[PDB]
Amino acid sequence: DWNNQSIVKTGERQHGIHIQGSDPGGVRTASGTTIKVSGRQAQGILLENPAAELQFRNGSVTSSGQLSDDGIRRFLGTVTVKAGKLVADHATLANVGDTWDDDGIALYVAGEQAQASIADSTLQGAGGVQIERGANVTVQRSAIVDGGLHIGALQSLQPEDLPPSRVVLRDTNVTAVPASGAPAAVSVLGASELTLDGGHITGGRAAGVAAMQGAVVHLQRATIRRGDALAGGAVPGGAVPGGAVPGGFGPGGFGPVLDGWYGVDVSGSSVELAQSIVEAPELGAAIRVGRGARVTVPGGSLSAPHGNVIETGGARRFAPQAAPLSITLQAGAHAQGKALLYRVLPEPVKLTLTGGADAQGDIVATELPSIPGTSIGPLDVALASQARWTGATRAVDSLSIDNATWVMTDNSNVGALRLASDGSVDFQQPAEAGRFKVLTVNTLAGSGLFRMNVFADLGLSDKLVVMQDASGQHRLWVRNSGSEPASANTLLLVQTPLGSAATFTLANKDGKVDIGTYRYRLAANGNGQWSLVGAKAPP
């Protein structure tokens, strides 16, 4: 059709290849062809026919004019598909227009009958790839070199309708260079769906990946870092940003809605991370959740060494009606930060760790933004099936520990503590002697295990305080963390209300623990205290 040819156009809206609405349907093929356009409102490729298809293989497409759209708002791409199917294979696509004079979009696919299949190609330009309004796009073994990947929209009040944009990426890297002022490297907004398997996602002014307003995202075998750089025309300057330009009705590159640097920023949407790596900068968080967001993470890693693994916000008013924020780490997911979780606004939060999830850091919250006590949504956390949480809190309302463990690293406050099937609270052995900890809780229930440190020689031990109601059948295992005692001393391990039904048994071998020449056994004389008593051992 247009094989091994050079198409060079310079006039206003003088496209390299244009398949119109008044043209016939059918497959057009281009192989070994290079397209270069520079006129105003001229794309390299323009597809506007639902029955048409274009196979563009082993060629290159470049444009440098302002690709402003006649219909209010919008900028188009060097390759734009408004209807029909584009199949690009081993292609070199580049929008080389002034950053100033144009959005630099390399590929724009929009509409219910707009489709695109991109394989083994590179897409260059500061506006990246923009997909919306029910388009369907598959991208394989490629790379969006510097403008990022932007699916869907918000605001833009203009005749709308039905289907979601559906985008599938496989082994394709996406980078949003600082120049390309894209808020996120990958943004999925509104009725949009993204499936990503394999690939490196780097950049974004405010986030690596942003999922807003009903978006549905599925990341697998991916890495999400803030760092990056490059992609483009020639070598002038790196990223304006003292630019500020003609072009018309068009933003650098889309999103976001919140800012600082978050690996994954989810609001009113759902994101699934599977075997991926997320690295947050000192300032920010691996994952930020708001407005009923749902995030799930099997395997992989979440690291925020100098910050928060998870940040929860989005919603200034708590409403019992609405569904809470939900974060689940399962299938051996690893997480590590100063704070595992950090609450910023009053919306309820549910944090679940299961399937050998291994999380590290404290759970922190922000006292109160005036909203009277019961105007604050609860912070509930659940540990199950071998998961492990090592950190401390003063902000968890309820904690269930079922066949999993909480390694408590410092004095902690928990509203209601429920244990089951060998769930345990392990009072971490301190580095310094006599540095006992206190776990204070309102209620205790179920059947669990507490590993508690005893400093016989100082007459000190860790302590469990239940202020309102202790019930259940629990076990206490004593860790000899000091030296031998020189006389008989008794340690107050557990304080419970006088009536309390709870029962505690020493789990140490034979119901006793020998430290030096002293033997300690657990005793309760009905008053609400459980004490490790300890007396001279028998010869």
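One rule holds for the numbers: they count along the sequence shown, beginning at 1.
- Checked against the record, the higher mean CA B factor of 224-232 and 416-424 lies with 224-232.
- In this entry, 66-74 has the higher mean Cα B-factor, the comparison being between 66-74 and 43-51.
- Highest CA B-factor among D362, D98, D462, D171, as stated in the entry: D98.
- Of the candidates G198, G242, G148, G299, the deposited coordinates give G242 the top C-alpha B factor.
- In the PDB entry, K82 places in the lowest third of its chain by CA B-factor.
- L532 sits in the lowest third of its chain by CA B factor, as recorded in the PDB entry.
- Per-chain ranking of the deposited C-alpha B factor places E282 in the highest third.
- The entry lists a Cα temperature factor for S500 that places it in the highest third of the chain's modelled residues.
- For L476, the recorded CA B-factor ranks within the middle third of the chain. Only modelled residues enter the ranking.
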